[PDB]
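The chain below stands alone, shown as structure tokens; this is the form deposited in one PDB entry.
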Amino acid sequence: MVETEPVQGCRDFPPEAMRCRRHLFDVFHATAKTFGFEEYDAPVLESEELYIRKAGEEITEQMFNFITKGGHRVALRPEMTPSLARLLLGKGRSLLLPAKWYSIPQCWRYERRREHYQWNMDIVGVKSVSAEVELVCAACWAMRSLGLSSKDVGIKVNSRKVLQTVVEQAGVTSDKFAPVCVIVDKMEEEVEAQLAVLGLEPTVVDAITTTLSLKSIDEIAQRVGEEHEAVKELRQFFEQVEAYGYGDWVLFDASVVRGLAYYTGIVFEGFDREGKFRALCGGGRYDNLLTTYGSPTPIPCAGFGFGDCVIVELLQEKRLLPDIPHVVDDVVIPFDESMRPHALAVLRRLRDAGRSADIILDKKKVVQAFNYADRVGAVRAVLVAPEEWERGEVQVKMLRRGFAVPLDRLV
């Protein structure tokens, strides 16, 4: 007997599990459509060079990479943002900006699960925080669409610019800022030692620690000034979300930095308000990424990733993932095999009218056919019997007793 289990860390989706995934993905797609985002995709296999960012990121540390027969360094994508950036860079001047692009890629890792789907939403060519506002509202919109409330979840929001200033004021060369963010993200203090290793004195580490523990934007304003970009941008951000009607979903948290090297501005992450789960989604502004890829002009970008695993756990806890049973509109039942041709003509007509319909394919008796119809969630059984067929009719039975119906009146 062959191995029936999937490869280590990967999931099968038989139809029951696929209905759940589809429920989630319908929301991702519908939210993207509601927000005017365009779908794109790119190969799951990318060149390894795309992810060599040299900032000690967990995401690049745990890459599912391998070497092709021809000796080329490739990887199954750990994330989608680099692929997006590749595509944008390849279009160059021909791309109309602003652009709002989304996708739902499977992404990979090697170390637990080795595989997940991640809804990506990114806005390209918008300098102002209106982008982050829209992105955050999109994430909330998807969660609300799944039945969650602002009591259940929220989005923590911060700007990396506050920390940037603190690091710059201490004389720390700007090429250490990304590593500093990767490290400070690990506050989940073994962190104090890593910063020293990166090459920062205790007074600099102290100031970092203090700013991550500031509990309001006003306290940020006190320290760096109300004119500081981070303050103005965060204030605009909250004003706009408030205006859009999702004020209860969002809040300021000075300890949110994210683990990715490339965030330059606002960053955010979704969380359950019971403190039971890891982040539901995560994102930020990344204005220099395209420049590091060789773009001749800077290109503003912001976006988020929203995984398919934590959300499902949360929804299970909140009893928002009831079993969705399979459904089909009609099941056409030949009285016997001599009625199969007529039944096929009936089946054709039902499908032509936009109905989902089965025909009983195997040889079986009517009662068993009826049971089968019930099992597949048929709304209606259509019995094609010789007596009614002579009258230009079939027998119809609703499952959600027994009437004869003219062939033209079935739809």
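In case it trips you up, residue 1 is the first one in the sequence shown, and so on. Definition used throughout: the rigid core is the maximal C-alpha set that superposes within 1.5 Å between two forms.
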Within the set of other compared PDB entries, does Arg401 lack a model in a third or more?
yes
Indicate whether the chain is continuous between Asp323 and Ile324 or, if not, how many deposited residues are absent from the coordinates: none, 1 to 3, 4 to 9, or 10 or more.
none
Taking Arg400 and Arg401 as adjacent modelled residues, how many residues of the deposited sequence between them have no coordinates (none, 1 to 3, 4 to 9, 10 or more)?
10 or more
Comparing average C-alpha B factors as deposited, tell me which of 339-347 and 63-71 sits higher.
63-71
Would you tell me which stretch averages the higher CA B-factor in the PDB entry, 13-21 or 385-393?
385-393
Please work out which residue in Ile266, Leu280, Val166, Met143 has the highest C-alpha B-factor recorded for this crystal structure.
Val166
Residue set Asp330, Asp287, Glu239, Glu192, per-entry CA B-factor max assigned to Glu192
On the chain's distribution of Cα B-factors, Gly56 falls within the third called highest
Split into thirds by Cα B-factor across the chain's modelled residues, where does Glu219 land: lowest, middle or highest?
highest
What third of the chain, by the recorded C-alpha B-factor, contains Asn120?
lowest
Sorting the chain's modelled residues by C-alpha B-factor, tell me whether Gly154 ends up in the lowest, middle or highest third.
middle
Within this chain, which third does the Cα B-factor at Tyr110 fall in: lowest, middle or highest?
highest
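The discussion below concerns the form deposited in another entry, not included here.
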Which residue, chosen from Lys151, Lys276, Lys127, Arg73, moves its CA by 2 Å or more between the shown form and the other one under a rigid core superposition?
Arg73
